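Next up: just one chain, as structure tokens, the form deposited in one PDB entry.
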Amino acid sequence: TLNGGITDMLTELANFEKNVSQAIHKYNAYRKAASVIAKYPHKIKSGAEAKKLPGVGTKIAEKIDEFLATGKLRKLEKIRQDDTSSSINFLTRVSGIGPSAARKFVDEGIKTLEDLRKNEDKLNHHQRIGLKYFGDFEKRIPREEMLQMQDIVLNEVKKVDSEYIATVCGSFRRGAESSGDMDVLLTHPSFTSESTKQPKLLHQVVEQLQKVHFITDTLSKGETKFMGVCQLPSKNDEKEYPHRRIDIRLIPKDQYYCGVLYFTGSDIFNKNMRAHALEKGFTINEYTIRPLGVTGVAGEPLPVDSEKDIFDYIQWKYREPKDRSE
């Protein structure tokens, strides 16, 4: 609601920089500005008011002044009218089509949904599945369906080995009423930072979920990360549920707190927290928090016994998952 006009404007500029300009730092700058404006609890009355927030500079203030006076941004009005920008912005909505592949396809005269379904032989495995479920993948998952999905995954993993722990992360763990997809963090005692005492720990879980027809497709799979497609079972005479994206990440059992911090997000929160860690002389990834030596070389992993320990190292007050959303 509040400042929705401004944040939508900034998100559309971010998407343009990422998809068309291939300018990843401008994309990140627009998104950081959109997120700080979304959390601001007043109706922004001027560019000058917004410029006081961290991540809003001169250029964004000037665009906020235009938007508030005219309800439009001339630059976005032009981009919307541009056939190449339009085509690329549409193709990048297909899972597996990034900015580079989108520009290549536009060059070959492939620029609509009809063009893609004619040219499937030109798509890689991932792109083919993104095309097949194009409609399904733009739908959000109601929390009630996420609870049904949680119950299937936790119960199936438990049937494979009572020592697995599966945790639903992403927007679900931040308490969202709807989720873009299902993100599952997996641990097993056999996989630690010190040892892999067992092979196929991720594979055996994927296989069981395929066997009860929950996982329907694979986009990618290695030893620690699965990316694919799943679907809730429906009743007699009921319309089928949409196909959903599922990500599964197997994390060393001893590095759970770093792993769950990473997988809980949001992505903007992780970028902000990791950028703050560097200013405080630390580096954070999904496994460890490590000091930076005078060098700029990461040192030994610091002890972590809680999510909050990570916040304490970088001198942040703890934020509950619910308070890490945009």
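One-based numbering along the sequence shown.
Just so you know, the form deposited in another entry exists too; it's not on screen, but the next bit is about it.
### Task
With one rigid piece of the chain swinging against the other between the shown form and the other one, say which of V294, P54, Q81, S162 is at the hinge.
So the residue at the hinge between the shown form and the other one must be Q81.
### Message
Since the Cα-Cα distance for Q198 and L219 shifts by 3 angstroms or more in that other deposited form, is it a contraction (closer) or an expansion (farther)?
### Response
So the answer is closer.
### Query
Against the shown form, C-alpha atoms of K197 and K158 in that other deposited form: closer or farther, for a change of 3 Å or more?
It is farther: the C-alpha separation of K197 and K158 rises by at least 3 Å in that other deposited form.
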